[PDB]
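Given next, in structure tokens, is a single chain: the form deposited in one PDB entry.
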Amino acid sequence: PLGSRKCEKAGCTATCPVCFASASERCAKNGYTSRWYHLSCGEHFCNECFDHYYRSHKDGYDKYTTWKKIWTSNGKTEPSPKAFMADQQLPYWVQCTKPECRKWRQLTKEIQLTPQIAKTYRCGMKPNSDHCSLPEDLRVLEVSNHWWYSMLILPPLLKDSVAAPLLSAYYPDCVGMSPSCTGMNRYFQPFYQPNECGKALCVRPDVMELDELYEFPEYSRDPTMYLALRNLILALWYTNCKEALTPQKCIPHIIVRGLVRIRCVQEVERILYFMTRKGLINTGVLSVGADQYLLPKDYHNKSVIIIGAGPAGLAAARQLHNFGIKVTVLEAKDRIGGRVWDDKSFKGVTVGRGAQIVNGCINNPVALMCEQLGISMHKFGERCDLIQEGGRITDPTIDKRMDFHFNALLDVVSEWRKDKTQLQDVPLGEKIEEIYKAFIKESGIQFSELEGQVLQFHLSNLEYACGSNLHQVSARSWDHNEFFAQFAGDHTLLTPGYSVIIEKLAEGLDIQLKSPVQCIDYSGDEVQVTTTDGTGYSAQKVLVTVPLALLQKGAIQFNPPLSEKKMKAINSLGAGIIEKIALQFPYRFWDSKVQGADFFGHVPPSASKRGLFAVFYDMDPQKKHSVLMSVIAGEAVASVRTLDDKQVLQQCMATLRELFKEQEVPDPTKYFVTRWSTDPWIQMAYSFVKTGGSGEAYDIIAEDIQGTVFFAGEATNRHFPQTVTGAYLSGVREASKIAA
């Protein structure tokens, strides 16, 4: 009775402490010791094994002292002996993989657990019978106790985390990894680097997000363990995005000593299901059979009707279906896609009638889906000569000077805006002109006719981006979204076209074409949905993803009706528009002058001609086929409404022959002219903020009604308005709301 059989730790449940270390030849083993040291309720080490490492005279001091330097040389947390024991000496635990057994087992203290060992382990396995029948150590079931983790002194620290290589710039212990530790698509950069400017869909390796905190409050005090698991999961997903990430797949990559490993394994499942629901992993164009739904059966019971089969509806439909939720999509047109619609009949090339460009591929779901599909994008070159009528290529210094001046007018507007309210908003177009004449009259500087036309060109570039003449767009709010982190990296041409992704998202889903929804009634126990021919559908929840213009036209009857607040938000945004023309030629007539540039600009002769074929795109990055695509923006959209396709073509060809005046231009052998503005179920290209409006409108439209009626679409995404990406993400957003 010289020594103790009781644990130092007050409240500890261990009635019979035994020493896991047996490092000292004088180890107390399971008998009496001066003091029992507590790592967990199930794990202790005696005073002499403590001293074996902690005392300068003992034979373990060497090792401990070295570890302590490293722990300090690429680590930040305190290197006590308890920390050393949890990181270096604590025996590993591994779960038997026999389906009928599944018992946890302690490995002998010299065996170093690896993924391979964890993957295939079953009771009794040693490098050099009836092992599964032996009872499971009692301390294992203990780990499930609510207080077990509170009785655990130091948080776990993962070893050889898949996330480690992507996290070199951090101290491993701040991201749940062990300091004592020693080709991914370039577009996958899920982790912020230390002190780096904001970018879209990026997370801090060392801080829990709002939603994470909300779902896992028990970690607000200490996130170490959560962060490590979440980081490991993200790294695994992006390491192989072509298959579903499962707990079985994650478990072998969780390497840490002691019973706590059991806690980590049991936690990785909850975290993984949270990441899946929010759409962080197991997403994109990944598809899974009935046998393999991504969420447990408890999310499964409920039904959804999704209205619209564009990127937004299809994203949500894909997500929900993958979750195991019963989904039905109703599409008005005779095709899926919405504002994604590819013409695949041009020999050797795919020409988008709608979207075909990706602005910022880093962390972009579109770039992820390309990886999953094994398709390539073409990054745009920089050069874009501004060609005049007829023939002269504008001096680049004139291009850069007027660009500089145009952005200048924008800066001053961003100053004038700082003290105005929505009630005081003025059209961007008006305020620009005004600032221009002001500046002109101040410093008498005058611009050449060509300078004024090049400015006309740059102005047209903003009208294109807004989908409207600037006299309808808000000076206060035109660029509201820039407030949020935007997608970094390459701007590309989706050569194969967005349709490839649309089709994958749609494959195997219950989709009803030519079924235009007319009535939505959510006043009863289930949502009653009625099409224009009187066909009835019903489900517990309904997701609306129709274009902004269709909400403004009130094409769908809501009962109860949308709120006045919602109607104001809906009416405060503009239904922006542009159209495209695509021309096929017998040969690449522009090669001599264009010299391999992806696109070239067309200087407007006069303000009146602004936006009329402002830019031409060479639609084959391989420089082999001959297809040009051009855009009609701003006022020019109007002037084309009353013309038939043949007439639009005439003016394009005439424009081209002016642009290439000093040479012959062959006749086109195939073309299309888009009519988005008069497509009855679309009537637009993309949204923008009208004068008097706020970026807040996007949130307000996005707001669900009574957790019964939900909304998605490009016009509901405040961070990323307008884009296929933003539309897709809004659909993922709603799928997460709905699945909860």
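Under this definition, the rigid core comprises the largest set of C-alpha atoms superposing within 1.5 Å between the forms. We number the residues from 1 along the sequence you see.
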| query | finding |
| --- | --- |
| Absent coordinates for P127 in a third or more of other compared entries | yes |
| Chain break class for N128 to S129, judged by how many deposited residues have no coordinates | 4 to 9 |
| Gap size, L643 back to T642 (deposited sequence, no coordinates) | none |
| Given 152-160 and 402-410, the range whose Cα B-factors average higher in the PDB entry | 402-410 |
| Between 285-293 and 483-491 (mean CA B-factor, as deposited), the higher | 285-293 |
| Maximum C-alpha temperature factor, selected from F688, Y671, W36, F710 | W36 |
| Of the residues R105, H458, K333, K441, the one carrying the largest Cα B-factor as recorded | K441 |
| Third of the chain, ranked by Cα B-factor, where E714 sits | lowest |
| For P365, the third of its chain into which the C-alpha B factor falls | lowest |
| For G75, the third of its chain into which the C-alpha B factor falls | highest |
| Position of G693 among the chain's modelled residues by C-alpha B-factor, lowest, middle or highest third | lowest |
| Ranked against its chain, the third holding the CA B-factor of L2 | highest |
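The protein also exists as the form deposited in another entry; that form is not presented, and the subsequent description refers to it.
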| item | value |
| --- | --- |
| Sole member of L551, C361, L90, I336 with a C-alpha shift of at least 2 Å between the shown form and the other one (core-superposed) | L90 |
| Residue shift check between the shown form and the other one, rigid core fit, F720 Cα at least 2 Å | no |
| Displaced residue check between the shown form and the other one: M151, CA, 2 Å or over, core reference | yes |
| C-alpha of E703 moved at least 2 Å between the shown form and the other one on rigid core | no |
